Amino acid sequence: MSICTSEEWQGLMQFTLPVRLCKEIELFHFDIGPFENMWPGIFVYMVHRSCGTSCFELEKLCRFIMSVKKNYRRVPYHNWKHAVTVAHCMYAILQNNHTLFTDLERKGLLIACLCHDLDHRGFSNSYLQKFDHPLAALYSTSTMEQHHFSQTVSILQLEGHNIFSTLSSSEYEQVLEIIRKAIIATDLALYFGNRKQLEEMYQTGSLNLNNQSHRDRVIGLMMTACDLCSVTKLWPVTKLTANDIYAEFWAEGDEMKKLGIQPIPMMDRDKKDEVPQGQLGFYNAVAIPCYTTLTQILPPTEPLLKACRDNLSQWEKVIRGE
């Protein structure tokens, strides 16, 4: 476990945000990349704007963030920058659907996003499972997600870190569940079933947001939507990130090789030609449907779908030499 120093959050409480960004965070395609220094501050801004200033305890929040920060590894993809990006997509969905969600749901969904990949190694579930690695035996399914949540909790169990103290033991235990379920939903295995169910539910007319089971399923889709949002950015950003993903996918497949296993096309660095054919598969199979159902459920999220289409169009172009 890694704790933030004394004078990191104190100088971060000093943090104020420039006007130009204030007006641009609100945008779905907004890219946080150009503002590394400013990332902790931006989350806070997003919290405040969505949850309220007097609402969260400030000393605690700032300690919480820099400790979340320091427990993200320096891996190519699933790092501190993934976290804030994913957090940002949430804020964008939330802002456009603010009232649909309660003040606890919004509190918890934003904190969950930031924490959803905590202590990621750059290794997939399947890897840790087909091998072991103690984590696949401790958490048998949704291996890494279960770790991610656990770590969130450990971070909350630190001196001055428990931002949720000021809640009622009723609310406190409610929000830990919203998080747990949220962090778990980002296991992409679940997503496929969850979308069809939701597809089904919307298509028949059954979907009801007062239904806690329905609700949970909707929140699920949101988490998938955010965890993937880099496919919703402008093309050059989108393309750069794919490098980082693969950087990890390959380092993984290499270790499969290193210990006598033959990795799929997607984690085979000698198979870089098939990538754009895989990306097209992934957009069509996974991302397009994901943002499609989500737009039906929540119409203020159609922009996310467009961005994704546009990016699919680009991938098609790479395939045909252009």
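The term rigid core refers to the maximal set of C-alpha atoms that superpose within 1.5 Å between the two forms. Quick note: we count residues from 1 along the sequence shown, nothing fancier.
Annotation: of the segments 125-133 and 235-243, 125-133 departs further from this form in 7 other deposited structures of this protein (C-alpha atoms, root mean square over structures and residues, core superposition).
After superposition on the rigid core, the larger root-mean-square Cα deviation in 7 other deposited structures of this protein belongs to 30-38, not to the other of 263-271 and 30-38. Of the two segments examined, 45-53 and 275-283, it is 45-53 that shows the higher average Cα temperature factor in the deposited entry. Higher mean CA B-factor, judged across 11-19 and 309-317 from the recorded values: 11-19. Sorting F164, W235, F192, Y246 by the CA temperature factor given in the entry leaves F164 at the top. When the C-alpha B factors of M38, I297, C290, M256 are read from the deposited coordinates, the top value falls at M256.
Ranked by Cα temperature factor within the chain, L100 sits in the lowest third according to the deposited record. Among the modelled residues of its chain, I155 has a C-alpha B-factor that falls in the highest third, as given in the PDB entry. Ranked within its chain, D187 lands in the lowest third, by CA B factor from the PDB record. When the CA B factors of the chain's modelled residues are split into thirds, the value for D132 lands in the highest one. Placement of the Cα temperature factor of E59 within the chain: highest third of the modelled residues, per the deposited record.
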